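# Examination of the molecular architecture
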Amino acid sequence: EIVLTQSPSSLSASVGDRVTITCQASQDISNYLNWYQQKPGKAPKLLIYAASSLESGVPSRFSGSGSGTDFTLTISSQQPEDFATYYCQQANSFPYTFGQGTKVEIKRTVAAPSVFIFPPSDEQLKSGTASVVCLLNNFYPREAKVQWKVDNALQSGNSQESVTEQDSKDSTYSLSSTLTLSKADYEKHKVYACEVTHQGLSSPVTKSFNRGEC
Amino acid sequence: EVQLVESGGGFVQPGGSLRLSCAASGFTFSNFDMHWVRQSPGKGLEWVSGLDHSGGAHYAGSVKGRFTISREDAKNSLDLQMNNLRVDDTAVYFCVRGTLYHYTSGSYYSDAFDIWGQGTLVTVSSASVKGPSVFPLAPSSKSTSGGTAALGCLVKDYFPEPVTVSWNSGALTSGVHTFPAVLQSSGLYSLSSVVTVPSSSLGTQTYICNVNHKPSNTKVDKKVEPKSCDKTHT
Amino acid sequence: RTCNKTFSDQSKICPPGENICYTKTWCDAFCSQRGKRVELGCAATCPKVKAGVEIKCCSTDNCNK
Ligand SMILES: [Zn+2]
Ligand SMILES: [Zn+2]
Ligand SMILES: [Zn+2]
Ligand SMILES: [Zn+2]
Ligand SMILES: [Zn+2]
Ligand SMILES: [Zn+2]
Ligand SMILES: [Zn+2]
Ligand SMILES: [Zn+2]
Ligand SMILES: [Zn+2]
């Protein structure tokens, strides 16, 4: 099938910035390429058809170019209402395919997260499961590496993380990560730690606790 | 006014069937190519199926032989019959009108998707309704302190979405972060809500998270009390 | 109040708050393959064209040709 690859997957812009998003098609699609805007909780809206033709009602600061495999969406002056996900889509041949989406987020200065860890509650242990939670508070940009260490050993396949949307007051993110073990597994180990790597920290910050001391 | 309004959304066991419908209004339905596009939570858009004004049916490879698209021109309706449903078919499904553009050379169909309905959610899960267990994320001995203390509620093992969380009956809003739920391998959801507060208030100020599982009979006021670690290993 | 539409099949009935019918002609990015795009309908006032768009407005029932 025809694969569309957008670049970048996320980009930071200020109000007033000129924004460019690329769409690369795995084979020639002539000019049968469309651009959609999508805001959270809402349906996509058509911006551009035929690679450069604006839909009715779309403001002129949106422009499109390209043909064959190489395409570009331009927002010549980023407005507050333009912070959104953009998708390209080919209408050349079945099955119709979409690029993976480009999230346009608000640019601001680097802000290192505050890092907090929470041992499991005695309540939860009674039920046979243990959840350790790591919270990263009010950081920019979104890229943070959160690594669980049990007894100084890297964990994989037993944790999940969730990120807030960009904060309305300071345009930062916060992240919550959960390490989940059976009660029997939790009781085997002594030290639980959350290691956070971020462009705002001069080196990785670790928060840790001893099961048995809490 | 041009309207596509989806109906037939809901929950279905894996291997099960579910028929979606779209009521179109404010255009000559029978003249238009119609399409279904879906979006998995946190992921992007995927074309599922199309039915041309002239009756030709088009399916994405992932859905061919499982999904059936049809139209009733008289009733201005588009239907999608989904079968042998799998967990990975869980998505918001949008009814979509393929463009119909007019030139000196004639009519052209489905160059783009100009009209989207607001979409209906289909959840394919072997889970049935379960209220959350709410555990405190207790503030501690600098383990959750910086000069500011973080505390929170872990809302664990519920189905289906959603839950809402407030703090101190909505009196506490400043510093609150309620995270998107994660779907665990068990097929049950978990989320966390946290707030940063002055660490000096931890003795004295009451902090209660109000957890409402709209889809079950469950609401949970959990009082979050400070817990100590000894740290005499330092 | 009623206007001719792009397609002979759709309702001539104008949305409430219009008595301007229009004929809009322009080259979209398919102009070299398909010719000019053509659109007939109703507008609150004679719509603000962009560069290259031929436009003709009138104000009687089904006058837009
Ligand atoms: Zn070519
Ligand atoms: Zn915060
Ligand atoms: Zn035990
Ligand atoms: Zn161990
Ligand atoms: Zn203890
Ligand atoms: Zn066809
Ligand atoms: Zn039906
Ligand atoms: Zn310790
Ligand atoms: Zn001790």
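Residues numbered from 1 in each chain as written, not as in the entry; some residues may be left out. Chains lettered and ligands numbered in written order. Heavy atoms only, no water.

As a further point, take the sheet that holds strand β18 (residues 208-212) of chain B. Residue and element names in this part refer to chain B. Taken in spatial order, the 3 strands make up an open sheet running β14-β18-β19, and their pairing is antiparallel. One side of each edge strand has no neighbouring strand; the edge strands of this open sheet are β14 (164-167) and β19 (219-223). Sheet twist, expressed as the average angle between the axes of neighbouring strands with direction ignored, equals 20°. Alignment of β14 against β18, held across 4 bridges, turns out to be antiparallel. Note that in β18 the partner of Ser 166 across the bridge is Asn 210. (Pairing = 2+ DSSP bridges. Helix = DSSP H or I, 4+ residues; strand = E, 2+ residues; numbered from the N terminus. Axes fitted to C-alpha atoms, helices over the stretch in contact; angles between N-to-C directions.)

On to the interface of chain C and chain A. Counting residues at the interface gives 8 residues for chain C, matched by 7 residues for chain A. Interface area for chain C against chain A, summed over the two sides, is near 600 Å², with a carbon-plus-sulfur share of 49%. If you sort the residues of chain C by the area they bury against chain A, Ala 29, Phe 30 and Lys 50 of chain C come out on top, with a joint share of 64%. Here chain C is connected to chain A by 0 salt bridges. Among the residues making up the side of chain C that touches chain A, the classes are represented as 3 nonpolar, 1 polar and 4 charged. (Contact = heavy atoms within 4.5 Å. Buried area = accessible area lost by both parts, 1.4 Å probe. Salt bridge = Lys/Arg side-chain N within 4 Å of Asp/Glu carboxyl O. Nonpolar A, V, L, I, M, F, W, Y, C, P; charged D, E, K, R; others polar.)

What follows concerns the interface of chain A and chain B. Contact residues are listed per partner, giving 47 residues for chain A and 51 residues for chain B. Buried surface at the junction of chain A and chain B, both sides included, amounts to about 3,900 Å², of which 63% is carbon and sulfur. Linking chain A to chain B there are 1 salt bridge. Note that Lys 222 of chain B and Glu 123 of chain A form a salt bridge whose closest N and O atoms lie 2.7 Å from each other. Along the contact surface separating chain A from chain B lie 15 residue pairs in polar contact. Top contributing element to the side of chain A that touches chain B by residue count: strand β13 (residues 129-139) of chain A, with 6 residues. Of the residues that constitute the side of chain A that touches chain B, the class distribution is 22 nonpolar, 17 polar and 8 charged. (Polar contact = N/O pair within 3.5 Å; in protein donor to acceptor, adjacent residues only side chain to side chain.)

Residue and element names in this part refer to chain C. The disulfide annotated by UniProt between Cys 3 and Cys 21 is present in this model, the sulfur-sulfur separation being 2.1 Å. Within this pair, whereas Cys 3 is found in the segment before β1 (20-26), its partner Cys 21 is found in strand β1, the two being separated by 18 residues in sequence. A single burial state applies to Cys 3 and to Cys 21, both of which are buried. Of the UniProt disulfides, the one joining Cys 27 and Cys 31 is satisfied here, as the sulfur distance of 2.1 Å falls under 2.5 Å. Residue classification places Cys 27 among the partly exposed positions, given a relative accessible area of 45%. (Disulfide = S-S within 2.5 Å. UniProt positions renumbered as here; feature names shortened; annotations may be inferred. Buried < 20%, exposed > 50% of the residue type's maximum accessible area, 1.4 Å probe, protein only.)

Our focus in this paragraph is the side chain of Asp 79 of chain B. All names here are of chain B. Secondary-structure assignment places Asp 79 in strand β8 (residues 77-82). Overall, the relative accessible area of 6% leaves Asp 79 in the buried class. If sequence neighbours within four positions are ignored, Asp 79 has contacts with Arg 19, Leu 20, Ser 21, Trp 36, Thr 68, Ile 69, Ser 70 and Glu 72.

What follows covers the packing of aromatic side chains. Within the structure shown, the criterion is met by 24 aromatic pairs over all chains. Note on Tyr 192 of chain A and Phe 209 of chain A: the rings are 5.7 Å apart at their centroids and 20° apart in plane angle, and the pair reads as stacked. On the criterion of sequence distance, the pair formed by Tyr 192 of chain A in strand β18 (residues 191-197) and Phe 209 of chain A in strand β19 (residues 205-210) is long-range, its members being 17 residues apart. As far as burial versus exposure is concerned, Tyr 192 of chain A and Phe 209 of chain A are alike and both buried. For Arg 34 of chain C, the ring lying beneath its charged end belongs to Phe 30 of chain C, and the centroid distance is 3.7 Å. Its guanidinium or amino end placed over the ring of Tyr 101 of chain B, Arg 37 of chain C lies 3.7 Å from that ring's centre, counting from NZ or CZ. (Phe/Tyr/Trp six-rings, centres within 6.5 Å; stacked < 30°, edge-to-face > 60°. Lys NZ or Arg CZ within 6 Å of the ring centre and 35° of its normal.)

Attention now moves to unusual backbone geometry. Cis geometry is adopted by the peptide bond preceding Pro 141 of chain A, which originates at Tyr 140 of chain A and carries an omega value of 5°. Tracing the backbone shows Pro 141 of chain A in the loop between β13 and β14 (145-150). Here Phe 159 of chain B and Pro 160 of chain B are connected by a cis peptide whose omega angle stands at -10°. Assignment of secondary structure puts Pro 160 of chain B in the loop between β13 (148-158) and β14. One non-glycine residue with positive phi stands out, namely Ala 50 of chain A, at about 60°. Of note, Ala 50 of chain A is situated in the loop between β5 (45-49) and β6 (53-54).

The next subject is the nonpolar core. Grouped together as the largest cluster of nonpolar side chains are 50 residues, with contacts concentrated most on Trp 36, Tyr 93 and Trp 116 of chain B. Of the residues forming this core, the biggest block, 8 residues, is contributed by strand β9 (residues 91-103) of chain B. Other than its neighbours up to four places away in sequence, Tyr 93 of chain B contacts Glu 6, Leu 20, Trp 36, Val 37, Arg 38, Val 48, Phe 67, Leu 80, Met 82, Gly 119, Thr 120 and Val 122 of chain B. The next biggest cluster of nonpolar side chains, apart from the first, holds 25 residues, and it includes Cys 23, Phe 71, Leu 73 and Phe 83 of chain A. (Core = buried A, V, L, I, M, F, W, Y, C linked by side-chain atoms within 4.5 Å.)

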